[PDB]
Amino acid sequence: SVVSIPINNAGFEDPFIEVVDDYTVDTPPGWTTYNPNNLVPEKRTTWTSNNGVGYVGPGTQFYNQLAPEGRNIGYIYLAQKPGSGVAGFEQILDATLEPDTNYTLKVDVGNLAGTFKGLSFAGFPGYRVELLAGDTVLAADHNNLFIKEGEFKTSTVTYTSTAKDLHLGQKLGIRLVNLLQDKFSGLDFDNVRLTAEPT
């Protein structure tokens, strides 16, 4: 009796992108920009901090594998120096926290690799994946997985509610956070999965 909780654009497959390594600089559809330190401007260019989706295709010059799911990944790039704050993706779901339920949140996290005419993609800013109820972070994986250059790994976040959880009935949420702890200060996410199951 495992249940899949619906997530909008959970694989960042919207919008469709034709050319390999092409990307948008606007918040992916179905998601909002998590911006507690105002690191990402409201109007983005290739020159600013930004987020969006990117096509990881056959001739990719930045990865050693294809997208964990479908064609696209979601990315967050921060131009500010490390320690400046955090930013990422957030989505508030239509599902609410239910009692005596085990939640399993899985997201693939990616590390860009390579170079481009002076631009170095070596390094990784750190990630955090968090499961929300209302404004409360119920559980989070703060950068526990080592992600080699040009590869992806699946982060798993779990939370188990009791019969009397304070946040019962509040809307579930998901955040995918660029921690900006080092350079290169971009990272990818893909294949967001949330499942619920009675204890």
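Basically, rigid core = biggest C-alpha set you can superpose within 1.5 Å across the two forms. So that there is no doubt, residue numbering starts at 1 and follows the sequence shown.
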Q) Superpose by the rigid core: which stretch, 143-151 or 59-67, shows more Cα shift in 4 other deposited structures of this protein? A) 59-67
Q. After a rigid core fit, does 115-123 or 74-82 show more C-alpha displacement in 4 other deposited structures of this protein?
A. 115-123
Q: Return whichever of 131-139 and 62-70 has the greater mean Cα B factor according to the PDB record.
A: 62-70
(Q) Highest mean C-alpha temperature factor of the two stretches 26-34 and 146-154, which is it? (A) 146-154
Q: Pick out which of 176, 187, 19, 10 has the highest C-alpha B-factor in the PDB entry.
A: 19
(Q) Test of reading the entry: by CA B factor among the chain's modelled residues, which third contains residue 79? (A) middle
Q. When the modelled residues of the chain are sorted by Cα temperature factor, does residue 122 land in the lowest, middle or highest third?
A. highest
Q) Should residue 51 be placed in the lowest, middle or highest third of its chain by the C-alpha B factor in the entry? A) lowest
Q. If you rank every modelled residue in this chain by C-alpha B factor, which third holds residue 168: lowest, middle or highest?
A. middle
Q. Lowest, middle or highest third: where is residue 104 by C-alpha B factor in its chain?
A. middle
